[PDB]
Structure formats: C-alpha cells, structure tokens
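This report concerns only the one structure given below.
Order of the sequence lines sets the chain letters (A, B, ...), proteins ahead of strands, with each chain counted from 1. Side chains are part of it too, since the values below use all heavy atoms of this structure and drop only hydrogens, waters and symmetry mates. Whatever order the structure lists ligands and atoms in, that order sets their numbers, starting from 1.
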Amino acid sequence: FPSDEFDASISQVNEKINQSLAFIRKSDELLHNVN
Amino acid sequence: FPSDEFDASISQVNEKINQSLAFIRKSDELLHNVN
Amino acid sequence: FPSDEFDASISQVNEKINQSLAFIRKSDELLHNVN
Amino acid sequence: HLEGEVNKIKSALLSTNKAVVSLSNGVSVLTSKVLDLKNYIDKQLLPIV
Amino acid sequence: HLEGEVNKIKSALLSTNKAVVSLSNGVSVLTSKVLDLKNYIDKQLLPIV
Amino acid sequence: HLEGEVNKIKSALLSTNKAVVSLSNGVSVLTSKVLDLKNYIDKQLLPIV
Ligand SMILES: Cc1ccc(CCCO)c(NCc2ccc3nc(NCCCN4CCOCC4)n(Cc4nc(C)ccc4O)c3c2)c1
Ligand SMILES: Cc1ccc(CCCO)c(NCc2ccc3nc(NCCCN4CCOCC4)n(Cc4nc(C)ccc4O)c3c2)c1
Ligand SMILES: Cc1ccc(CCCO)c(NCc2ccc3nc(NCCCN4CCOCC4)n(Cc4nc(C)ccc4O)c3c2)c1
C-alpha cells in the first residue's frame with residue numbers, strides 16, 4: 001500500500017481526516033486558553 | 001447483522017455518527033440558552 | 001449516472017457534502033464580519 | 001456593539017453545527033451503501049462465482 | 001451576565017469539536033472497511049473467478 | 001480582556017470550520033472510491049464471472 005490510484009485516494013482520505021483532527025486540536029487549544 | 005468483524009466495524013461507524021449527533025445536540029442546547 | 005438506487009444514494013451523499021460546505025460558508029461569512 | 005459580535009458568533013456556530021449534521025447524514029448514507037456492496041459481493045457475486 | 005454567555009459559547013464549541021472528532025473517527029473506520037472490500041475483491045474474488 | 005476572549009473564540013471557530021471542510025473533502029473522495037468499486041464489480045467482475 002499504496003499499490004495503485006485507488007489506494008492513493010484512500011491515503012488522501014486519511015490525510016484529510018488527519019488535517020481535520022489537526023484543526024480541531026488547534027481550536028481546542030485556543031479554547032483552553034479562554035476564561 | 002452483525003455477521004462478522006466487517007459488519008461490527010460498520011456498527012462502530014454508526015455508533016460514531018450517533019455520538020457526533022449527540023455532541024451537536026448538546027452544543028445546540030447550550031446555544032439556545034444564549035442571549 | 002445515476003443508473004439505479006445505489007447511484008442515487010451516492011448522489012444524495014454528494015448533496016449532503018455540498019450542504020455541509022454551504023453551512024460552513026455561511027458560518028465563515030458571519031465570522032469575517034466579527035470584530 | 002460587543003453583544004452584537006457575540007450574537008454573530010452564536011449564529012455562526014449554529015450554522016457550523018448544521019454543517020456537521022449534514023455531513024453526518026451523508027456519512028450515514030455512505031456507510032449503508034458500503035454495507036450493501038459487501039452483502040452484494042457475498043450474496044450475489046460469490047454464489048455464482 | 002455577558003461573560004456567562006461567552007462561557008456557554010465556549011462550552012458549545014468544545015462540544016461541536018467533540019462531534020467533529022467522533023465523525024472523523026467514524027470516517028476513518030469506514031475508509032479502512034472500503035480498502036478491505038477492494039482488497040477482498042482483488043485477492044479473494046478475482047483469483048477464483 | 002473580554003474582547004480578547006471573544007477573539008480567541010472567533011479564531012477557534014474558524015479553525016473548527018476548516019476541520020469540517022477538510023473532513024467533507026475526505027468524505028467526497030471516499031464517496032468517489034465507493035462508486036468506483038461498485039462500477040468495477042458490475043462492469044469488470046460480473047462480465048467475466
Ligand atoms: C442478495 C443481495 C444482497 C444485497 C444486495 C445489495 C443491496 C440491495 O440491492 C443485492 N442486490 C441485488 C441487485 C439486483 C439487481 C440490480 N440491478 C442493479 N442496478 C441496475 C443495473 C446497473 N447497471 C449500470 C451499468 O452497468 C451495469 C449495471 N442493482 C444495484 C446494485 N446494487 C449494489 C449494492 C451493487 C451493484 C448494483 O448494480 C442491483 C442489485 C442482492
Ligand atoms: C486475501 C484477502 C484480502 C482481504 C480480505 C478482507 C479483509 C480481511 O478479512 C480477505 N478476507 C478473507 C475473508 C475470509 C472469510 C470470511 N468470512 C467472512 N465473514 C463471515 C461470513 C459472512 N456471511 C454473512 C451471510 O452471507 C454470507 C457471508 N469474512 C468477512 C468479509 N470481509 C470482507 C472485507 C468482505 C466480505 C466478507 O465476508 C471473510 C473474509 C482476504
Ligand atoms: C470497466 C471499469 C469500470 C470501473 C473501474 C473502476 C474505476 C477505474 O479504475 C474499472 N477499473 C479497471 C481496472 C483495471 C486494472 C486495474 N489495476 C488496478 N490496480 C493495480 C493492481 C493492484 N493489485 C494490488 C495487489 O493485489 C492485486 C491487485 N486497478 C485499480 C482498482 N480499482 C478499483 C476501483 C478496484 C480494484 C482495483 O485494483 C485497476 C482497475 C473498470
């Protein structure tokens with residue numbers, strides 16, 4: 001893996017999930033700094 | 001259903017969707033209390 | 001496409017993704033109006 | 001003015017929440033279709049193969 | 001009162017963020033299952049077909 | 001101080017919104033791949049089976 005373009009697209013989905021989680025981390029960090 | 005581990009994983013996706021919707025419900029309820 | 005109910009469901013997923021992006025657009029537009 | 005701002009943010013978050021509901025509903029439909037594909041393979045394809 | 005409101009919004013957004021994490025985790029599992037289906041077709045179905 | 005807080009929340013929600021866009025784009029790619037799998041089964045597998 002990845003053996004072909006289908007597997008490469010699956011990898012891209014995983015990269016977008018990781019980007020999502022990263023943006024949530026940043027949002028959470030900003031909020032834990034709010035009082 | 002579930003007949004195997006593939007079906008059990010599908011059930012897990014459905015549980016995560018329901019968790020998502022639950023967290024949105026809570027957020028909505030907090031906001032409808034804002035003025 | 002769509003050739004059948006499976007393809008019609010796929011189209012529905014795409015419509016829900018577009019609805020999601022539309023609601024984010026609206027949220028972004030409201031925030032870019034915040035100071 | 002500031003309560004106006006706070007209100008824009010409440011409205012914005014209500015819209016973001018609708019985005020997440022919409023996406024969740026799309027993922028639910030997609031999940032159903034993946035399960036349908038798996039069952040089609042096991043119960044339509046494999047028995048004639 | 002207003003800081004109370006601001007606080008409700010912070011709490012709300014923390015909950016929205018948990019929603020997005022939950023949905024992301026569900027999409028990650030679903031993605032794995034789609035890859036499994038593709039590999040099953042190529043490595044279990046096609047060789048006996 | 002409080003406008004500072006309000007500003008942190010605006011920034012946070014802008015980041016949450018980027019999360020939802022990213023996840024939506026991943027679900028769009030995944031959806032395309034599920035449709036590709038369905039078409040492969042019907043148009044590559046079934047005709048040789
Ligand atoms: C025993 C059992 C278990 C599970 C299922 C899948 C869910 C119910 O359809 C079935 N389906 C039977 C079943 C029987 C006839 C079907 N006909 C269709 N679609 C119409 C034909 C589409 N054309 C488009 C052009 O290329 C050739 C195929 N589908 C839709 C379809 N649906 C899926 C999921 C995959 C491929 C697919 O073409 C059928 C499903 C049967
Ligand atoms: C070489 C290779 C590569 C990839 C895979 C898929 C991931 C690992 O299972 C496999 N799986 C072998 C493999 C071998 C025996 C298996 N048995 C099952 N499930 C139990 C049977 C389920 N029943 C339910 C009723 O209708 C008939 C099928 N699965 C689960 C399953 N899993 C998928 C993804 C699709 C269909 C499917 O039934 C198997 C997978 C093998
Ligand atoms: C008529 C018709 C309609 C739809 C499709 C699918 C989308 C376009 O590829 C096709 N594809 C033809 C087509 C022809 C040759 C192909 N070769 C590959 N991949 C390279 C081989 C991968 N190896 C990895 C190891 O185990 C054996 C398979 N794919 C990628 C691939 N893609 C999918 C979706 C499923 C399985 C799969 O291996 C092909 C798709 C054809």
Side-chain angles (χ1 to χ4, degrees), chain A residues 1-18, chain B residues 1-19, chain C residues 1-19, chain D residues 22-48, chain E residues 22-48, chain F residues 22-48:
Chain A
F1 180 96
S3 71
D4 58 29
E5 76 288 356
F6 179 97
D7 298 355
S9 290
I10 293 291
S11 189
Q12 183 181 16
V13 178
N14 292 320
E15 297 248 297
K16 292 283 159 199
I17 294 162
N18 286 340
Chain B
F1 180 96
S3 71
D4 58 29
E5 76 288 356
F6 179 97
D7 298 355
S9 290
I10 293 291
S11 189
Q12 183 181 16
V13 178
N14 292 320
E15 297 248 297
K16 292 283 159 199
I17 294 162
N18 286 340
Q19 287 174 314
Chain C
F1 180 96
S3 71
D4 58 29
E5 76 288 356
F6 179 97
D7 298 355
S9 290
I10 293 291
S11 189
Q12 183 181 16
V13 178
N14 292 320
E15 297 248 297
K16 292 283 159 199
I17 294 162
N18 286 340
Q19 287 174 314
Chain D
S22 301
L23 190 62
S24 297
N25 292 340
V27 178
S28 176
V29 175
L30 186 65
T31 297
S32 183
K33 295 314 100 177
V34 171
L35 180 61
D36 285 350
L37 281 185
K38 181 251 187 173
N39 285 330
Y40 182 80
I41 291 155
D42 279 356
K43 305 172 181 182
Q44 284 286 91
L45 263 281
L46 270 176
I48 72 184
Chain E
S22 301
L23 190 62
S24 297
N25 292 340
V27 178
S28 176
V29 175
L30 186 65
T31 297
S32 183
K33 295 314 100 177
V34 171
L35 180 61
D36 285 350
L37 281 185
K38 181 251 187 173
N39 285 330
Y40 182 80
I41 291 155
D42 279 356
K43 305 172 181 182
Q44 284 286 91
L45 263 281
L46 270 176
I48 72 184
Chain F
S22 301
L23 190 62
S24 297
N25 292 340
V27 178
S28 176
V29 175
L30 186 65
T31 297
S32 183
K33 295 314 100 177
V34 171
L35 180 61
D36 285 350
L37 281 185
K38 181 251 187 173
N39 285 330
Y40 182 80
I41 291 155
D42 279 356
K43 305 172 181 182
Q44 284 286 91
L45 263 281
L46 270 176
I48 72 184

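Expressed to the nearest 0.5 Å, how far CG of E/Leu30 lies from CG of E/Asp36 amounts to 11.0 Å.
The side chain to side chain donor-acceptor pair (under 3.5 Å) test applied to D/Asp42 returns E/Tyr40, not counting sequence neighbours.
The shortest heavy-atom contact between F/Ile41 and F/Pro47 is O-CD, 4.4 Å. Between E/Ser22 and B/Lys16, the closest heavy-atom pair is O-CB, 3.5 Å. When all heavy atoms are compared, the tightest approach of B/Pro2 to B/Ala8 is CB-N, 3.9 Å.
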What are the polar N/O contacts of ligand 1 with the protein below 3.5 Å, with distances?
unit_1   : atom_1 : unit_2  : atom_2 : d
ligand 1 : 19 (N) : C/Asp4  : OD2    : 2.9
ligand 1 : 38 (O) : F/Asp42 : OD2    : 2.6

- Item | Step-by-step salt bridge (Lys or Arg N to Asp or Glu O under 4.0 Å) determination, B/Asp7 to D/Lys38 | CA-CA 9 Å; B/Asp7 298 355; D/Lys38 181 251 187 173; 2.8 Å; yes
